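Just so it is clear, none of the values below were taken in a lab; they were calculated from the coordinates. Cβ: placed from backbone, ideal geometry, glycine included. Neighbour counts: every protein chain shown.
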Amino acid sequence: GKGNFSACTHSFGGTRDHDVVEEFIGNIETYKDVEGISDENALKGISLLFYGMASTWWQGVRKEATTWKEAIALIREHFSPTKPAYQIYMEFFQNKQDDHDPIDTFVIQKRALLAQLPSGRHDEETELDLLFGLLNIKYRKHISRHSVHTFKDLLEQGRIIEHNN
Amino acid sequence: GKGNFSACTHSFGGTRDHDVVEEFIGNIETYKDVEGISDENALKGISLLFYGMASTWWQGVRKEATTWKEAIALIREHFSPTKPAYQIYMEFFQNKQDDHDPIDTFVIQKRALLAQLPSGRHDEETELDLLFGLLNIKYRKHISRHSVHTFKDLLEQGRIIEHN
Amino acid sequence: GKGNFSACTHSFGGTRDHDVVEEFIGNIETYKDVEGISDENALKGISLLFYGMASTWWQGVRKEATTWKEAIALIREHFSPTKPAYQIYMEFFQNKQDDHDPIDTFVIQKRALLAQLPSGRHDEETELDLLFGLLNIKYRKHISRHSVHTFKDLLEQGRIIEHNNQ
Amino acid sequence: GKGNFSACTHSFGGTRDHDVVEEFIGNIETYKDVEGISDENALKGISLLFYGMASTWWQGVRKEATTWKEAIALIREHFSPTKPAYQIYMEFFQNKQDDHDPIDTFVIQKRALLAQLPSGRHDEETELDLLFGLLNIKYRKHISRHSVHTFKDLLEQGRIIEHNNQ
Amino acid sequence: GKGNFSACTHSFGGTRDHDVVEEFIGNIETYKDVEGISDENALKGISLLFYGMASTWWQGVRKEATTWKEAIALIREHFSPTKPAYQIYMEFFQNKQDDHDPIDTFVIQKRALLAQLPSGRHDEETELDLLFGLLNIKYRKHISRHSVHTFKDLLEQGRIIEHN
Amino acid sequence: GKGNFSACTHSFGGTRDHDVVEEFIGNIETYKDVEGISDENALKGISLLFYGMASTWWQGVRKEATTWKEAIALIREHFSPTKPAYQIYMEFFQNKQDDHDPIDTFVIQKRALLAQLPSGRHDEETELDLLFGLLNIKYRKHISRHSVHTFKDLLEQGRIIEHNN
Amino acid sequence: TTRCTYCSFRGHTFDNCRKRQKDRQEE
Amino acid sequence: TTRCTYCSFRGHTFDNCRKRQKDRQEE
Ligand SMILES: [Zn+2]
Ligand SMILES: [Zn+2]
């Protein structure tokens, strides 16, 4: 029911992205859940993980924290900004697919970029209608817009059109 | 028990072939069943296994998953397409076994690839009759189709002929 | 939860800088408070945390101490003087912001240097007033002192003014 | 001491040699006997010890088994035939001792190859008689078959005859 | 408690200087006292610490050791013998401090080296009078021997003069 | 009260010396004493440590063992012979000290080579008398044989003669 | 990916590692 | 004992190490 973080292999040096902060916070959560450390006994030991710029940052803001929840909220708030609405739409229409790229990677990326909008703002139909207008000419000359509905079918038609070529 | 996947060593990338995805799903299911983790608790921890492109794919479709069954269903449907029959028939009868490949390695692959056809459409006799048309001249000169009956004796006669 | 110093991985050499001594004293104190070691039992086993360059010094002055606070104060006195306030105020106004660093790193460093003054002498407003005189001309010509309402807002307006390609 | 196969570090691929399959089956059996896992519980979780080249084969023949002994016998039958006795006797008399190897390595290898015959068919004396016909001429011209009696003596006289620079 | 030295990280080689042997003996003694190992049980496990030449030396003289005290006595007697006085006095007055060395580093070494003389032969006054003849011109021009009394004020006046 | 040897870093490949076999047997003994494994539950797991030639050797002789003690005795017996009497005396007089070697290393080696004789066969006086006749000329021209007794003094005279030069 | 060269753990880079930087290594 | 190059424990040679030889490494 007690112990330090000194045994861990994870450390967060501070970089402004999403995947790194998410993976680090998840690993720290699994470690604290697995070794049984309690909530108020855990906050005192948190300093050992940071290094470089993160150590100076934690030395800065420290009296505003009081429990574990506030610490996670502060890290997430200062090291991964929430992008506003319009930048996502601007990023979405500035990158048409190239001749050398399978349908799967393109659809997966363009779908992963669309979930950051506030929930419930879009329907499957309107989103799929938005997705066209960027597919390269090799696929648009066969499948027609009024012969598809959900995302399960577009991948099917794309695979059959790919294997024939 | 220790109701989490934290101890697992298994992982999965973006590869596209039947074998890797099949062994991955089977290992995760057997690990879920042997160590006593609860049916519902595992779903919260599923995200710790994926890496690389698979993590982006999981970010793309979290809204549809609900319980433990539909997640494996989504994996098998997005990474395990039910191949249609004619491509399987074309892929079989290609690449006749070469002189070096042993009988056991050749038989196990050709039988593992024949299970993707729709269930119940073929009995043992026609299956063995299809398989007996690609073996090299070395194994065919001695055994003859009238001799072997079931799908097991062929391995025995092939092993005894391969001992020398 | 009985224990002692035997398992600790921290250690200290003979280096004569400042940051090393500060980080070492902080780590050792947080460890002693977290693992529950007795307030007097620790002094009987402190010798297991010294290299070969400071062990002779600890052997030379063992008898001029009686309780844990005096020993920590003695280490701080011999190996690195504590900073008085006026040197901190002198350092704060020396190097003005350059022409390339993003606002975030500047605010982080300045906040890191301002927590070493005694606590409670400076609330949020006067601190924001002291920090605002050194920003580079790219930011001072848009945002003004009329609306800041603490630090969280200044970083937000600076980020929106920085994404716009100046 | 409850447990299962989840923690085991041993594993087996698709290799078609003999020593690998033998060492693997021996390690897995000794582990199952040491940690006390139930005689039937192990069969429900054996699938966690196979690579990507043999997992398809295990998927293809799962239903032709019911208890642990049959599964081990099936692995041995498909991936590597067991050696019958006559091949062992054939291998024993092929390569006579060279002109440079020390007596110790020769006795160790010959004893290693003679334990695979069924137990109790050969006591110490006839084994010493079979081994004695292949020694190199440097040793046969001094020590004789009069006085050896047990394996322990032959190594001793060979070491004393080897230290003397032939 | 865990009556064995198995967890210790300390080690010892064949080096010949007072400092290494002193810190080694002190660390082993404090470890023996803090963790509660029995007075007699430690002797059976002492051989696991030595390495290199020291292991051969321990192989050479096991017959004479009996209890815990005589082992450390043998270590202190066969690696660092008590030095005779005249070599220590010659070591003293050699290597006058250079311009770069700070006052604290110079004072701690010169006092650590003066403790090997026979006990009780010198009081504080003559010791400080001996030490005050090797400091550079920089620290000597301001402080004067009539001012400082004990062995502590010299550090304070030296620090204030060294601040600038 | 149970466990395997799998979590160890020691392995014995088989080499005909003394120091290696001694250090390996000592490390295995400390490991078994520290993790609490019992005697008859420990013999079954011993196979995992050996590799290379040692594995074939253990595959050879196995039915002659029954408990832990017999296993240690067999390893010590087959992998580190006891030298008879005369070879030690022959080795002892075939290596006089060179001009470049301190007294300490020489006396330590020649003493370490003499303890393998059966115990109680020699007293300090006769051994120290045997030790002379090999010291190099730099030391024999000052200290005289009738001015020393125990080993504590010869090192003293050698050190004072060394520092003067 | 980028397995730590020294400790053989997938959690960081060469420059910074607990065994190498401190724990009285680099002797 | 000539620290293991890979695992960095003084217990063996480079050729033979539990993590490298087996434990599904060398991918
Ligand atoms: Zn590392
Ligand atoms: Zn290793």
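Could you tell me which residue of region C:54-71 is surrounded by the most Cβ atoms within 10 Å (Cβ to Cβ), considering only residues that are assigned to a helix (DSSP H, G or I) and away from every other protein chain (no Cβ under 13 Å)? Give the steps one after another, and end with the answer.
Kept after step one, since they are assigned to a helix (DSSP H, G or I), are these residues of region C:54-71: C:55-60, C:68-71.
With the extra rule that they be away from every other protein chain (no Cβ under 13 Å), the set shrinks to C:68-71.
Numbers: C:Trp68: 16, C:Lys69: 10, C:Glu70: 12, C:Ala71: 18.
Going through the qualifying residues, I end up with C:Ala71.
Residues to consider are F:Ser80, F:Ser119, F:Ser38; find the one that is surrounded by 14 or more Cβ atoms within 10 Å (Cβ to Cβ) and not β-branched (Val, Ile, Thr).
F:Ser80
Considering every residue within region C:6-16, establish whether at least one is under 16 Å from E:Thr30 (Cα atoms) and more than 25 Å from the chain's Cα centre (by Cα).
Step one: filter region C:6-16 for residues under 16 Å from E:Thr30 (Cα atoms), giving C:6-8.
After this cut, where a residue has to be more than 25 Å from the chain's Cα centre (by Cα) as well, the list is C:6-7.
Yes.
Inside region G:1-10, can you point out the residues that are β-branched (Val, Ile, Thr) and either more than 9 Å from ligand 1 (Cβ to nearest atom) or closer than 28 Å to C:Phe50 by Cα (or both)? Even if it seems obvious, please write down each step before you answer.
At the first step, the residues of region G:1-10 found to be β-branched (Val, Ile, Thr) are G:1-2, G:5.
Selection gives G:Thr1, G:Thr2.
Only one of B:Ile143, B:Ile75 is touching a helix residue (DSSP H, G or I) at 6+ places or on another chain (Cβ under 6 Å), away from chain D (no Cβ under 14 Å) and surrounded by 15 or more Cβ atoms within 10 Å (Cβ to Cβ); which?
Values: B:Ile75 fails: touching a helix residue (DSSP H, G or I) at 6+ places or on another chain (Cβ under 6 Å).
Result: B:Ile143 is the single residue among B:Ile143, B:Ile75 that is touching a helix residue (DSSP H, G or I) at 6+ places or on another chain (Cβ under 6 Å), away from chain D (no Cβ under 14 Å) and surrounded by 15 or more Cβ atoms within 10 Å (Cβ to Cβ).
Can you pull out every residue in region D:23-50 that is facing another protein chain (nearest Cβ under 10 Å), in a helix (DSSP H, G or I), surrounded by 14 or more Cβ atoms within 10 Å (Cβ to Cβ) and not hydrophobic (A, V, I, L, M, F, W, C)?
D:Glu23, D:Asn27, D:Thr30, D:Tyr31, D:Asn41, D:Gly45, D:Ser47
If I filter region B:136-151 for residues that are among the aromatic types (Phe, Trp, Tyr), part of a loop (DSSP other than H, G, I, E, B) and under 28 Å from D:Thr82 (Cα atoms), do I get at least one hit? Explain how you work it out, then say what you get.
The initial filter retains those residues of region B:136-151 that are among the aromatic types (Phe, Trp, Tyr), namely B:139, B:151.
From the residues that got through so far, the ones that are part of a loop (DSSP other than H, G, I, E, B) too are B:151.
Still in the running and under 28 Å from D:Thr82 (Cα atoms): B:151.
Yes, some residue in region B:136-151 is among the aromatic types (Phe, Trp, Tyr), part of a loop (DSSP other than H, G, I, E, B) and under 28 Å from D:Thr82 (Cα atoms).
Which ranges mark the helices (runs of 4 or more DSSP H) fully within region F:50-165 that have 2 or more residues being aliphatic (A, V, I, L, M)? If you could, list the steps in order and put the result at the bottom.
Numbers: elements: F:53-60, F:68-79, F:85-92, F:103-112, F:124-131, F:137-140, F:151-164.
Qualifying helices (runs of 4 or more DSSP H): F:53-60, F:68-79, F:85-92, F:103-112, F:124-131, F:151-164.
Which ones in chain H are within 10 Å of ligand 2 (Cβ to nearest atom), out of contact with any helix residue (DSSP H, G or I) (no Cβ under 7 Å at 6 or more places or on another chain) and polar (S, T, N, Q)?
Within chain H, H:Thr5, H:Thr13, H:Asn16, H:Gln21 qualify.
Looking at region E:6-53, which of the residues that are within 27 Å of F:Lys32 (Cα to Cα) and aromatic (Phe, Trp, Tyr) is surrounded by the fewest Cβ atoms within 10 Å (Cβ to Cβ)?
Applying the filter and picking the extreme gives E:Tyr51.
With the checklist (1) among the hydroxyl-bearing types (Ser, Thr, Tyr); (2) over 24 Å from B:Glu22 (Cα atoms); (3) in contact (Cβ under 8 Å) with a residue 60 or more places away in the chain in hand, flag the one item B:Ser80 doesn't pass.
Of (1) among the hydroxyl-bearing types (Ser, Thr, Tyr); (2) over 24 Å from B:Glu22 (Cα atoms); (3) in contact (Cβ under 8 Å) with a residue 60 or more places away in the chain, only one is false for B:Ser80: (2).
Consider D:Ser80 against the criteria (1) in contact with a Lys or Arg (Cβ under 9 Å, 6 or more places away or on another chain); (2) within 14 Å of chain F (Cβ to nearest Cβ): it satisfies all of them except one. Which criterion is unmet?
(2)
Given B:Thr56, B:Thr105, B:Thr82, which one is of a type outside the set (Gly, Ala, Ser) and not in a helix (DSSP H, G or I)? Give the steps one after another, and end with the answer.
Numbers: B:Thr56 fails: not in a helix (DSSP H, G or I); B:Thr105 fails: not in a helix (DSSP H, G or I).
Criteria check complete, one pass: B:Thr82.
Name the residue that is nearest to the chain's Cα centre (by Cα), counting only residues in region A:49-98 that are of a type in the set (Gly, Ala, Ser) and closer than 30 Å to A:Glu127 by Cα.
Ranking the qualifying residues of region A:49-98, first place goes to A:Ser80.
Given the structure, is F:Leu48 touching a helix residue (DSSP H, G or I) at 6+ places or on another chain (Cβ under 8 Å), within 16 Å of ligand 2 (Cβ to nearest atom) and over 23 Å from E:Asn4 (Cβ atoms)? Show your work before the answer.
Working: touching a helix residue (DSSP H, G or I) at 6+ places or on another chain (Cβ under 8 Å): yes; within 16 Å of ligand 2 (Cβ to nearest atom): yes; over 23 Å from E:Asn4 (Cβ atoms): yes.
Yes, satisfied.
List every residue pair whose Cβ atoms sit under 8 Å apart, with the two residues 6 or more apart in sequence or on different chains, where the first one lies in region G:9-27 and is of a type in the set (S, T, N, Q) and the second, anywhere, is away from ligand 2 (no atom under 16 Å from the Cβ) and assigned to a loop (DSSP other than H, G, I, E, B).
Here the result reads G:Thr13/G:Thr2; G:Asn16/A:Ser11; G:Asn16/A:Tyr51, each pair linking region G:9-27 to a residue that is away from ligand 2 (no atom under 16 Å from the Cβ) and assigned to a loop (DSSP other than H, G, I, E, B).
Within region D:122-159, can you find the residues that are among the basic types (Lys, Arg) and within 14 Å of chain F (Cβ to nearest Cβ)?
D:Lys152, D:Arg159 - these are the residues of region D:122-159 that are among the basic types (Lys, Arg) and within 14 Å of chain F (Cβ to nearest Cβ).
Determine, yes or no, whether B:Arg16 is part of a loop (DSSP other than H, G, I, E, B) and either charged (D, E, K, R) or within 11 Å of chain A (Cβ to nearest Cβ) (or both).
yes
Got a number for residues in region G:11-27 being outside any helix (DSSP H, G or I) and more than 9 Å from ligand 1 (Cβ to nearest atom)?
7
Does F:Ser6 count as assigned to a helix (DSSP H, G or I), under 30 Å from H:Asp15 (Cα atoms), polar (S, T, N, Q) and facing another protein chain (nearest Cβ under 10 Å)?
For F:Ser6, the condition - assigned to a helix (DSSP H, G or I), under 30 Å from H:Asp15 (Cα atoms), polar (S, T, N, Q) and facing another protein chain (nearest Cβ under 10 Å) - is not met.
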